[PDB]
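Quick heads-up: it's one chain on its own, the form deposited in one PDB entry, in structure tokens.
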């Protein structure tokens, strides 16, 4: 695949854009996990599937029994990896672009974490779309967090919900979803 448009998908707590704590997610939002699965798995063309790219540490954080994530091509990046096809579902690579040379019959490509991957790849021109779940809490300061997004959002535009709906197709997008003390919304951003 030559120069595909890539999208980053992440869930972050406003206003600091915290994303983790001690190698884990600082929340358990059941509906958000379901959204993440639907958006990353659905395709429109026929014999296609999407690709999900993640850093080695995120891959290792998924219980062995539950990886690879089903119905998607999984790509794992490590600076110590040679570019190799493990099986039909797993690729090892040392750079996003080298990995893509090894794929065919992929519709969309998603970067799924973690922090180091996000913070570095946001500045790569292949990234054309950010799918950010904006999480709000009454006391964000009480949620322990150690890992944060460092995105230059002044160079990006938040689109109207209509544009997101067109992006996701069929997926149901509920507004102001509440789960315990958290309230969240799905958003789409594109470059200015």
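Positions refer to the first chain, counted from 1. Residues that one form lacks are left out of the comparison. Rigid core: the largest C-alpha set superposing within 1.5 Å between the two forms.
The same protein also exists as the form deposited in another entry; that form is not shown, yet it is the one meant from here on.
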Inset, instruction - After fitting the rigid core, tell me which of 115, 90, 103, 121 has its Cα displaced by at least 2 Å between this form and the one not shown. - result: 103
Inset, instruction - Using a superposition on the rigid core, decide whether the Cα position of residue 64 changes by 2 angstroms or more between this form and the one not shown. - result: no
Legend entry - Post core alignment: residue 46 C-alpha displaced by 2 Å or more between this form and the one not shown: yes
Inset, instruction - Could you point out the stretches of 3 or more consecutive residues whose C-alpha atoms all move by 2 Å or more between this form and the one not shown when the rigid core is superposed? - result: 45-47, 95-97, 99-105
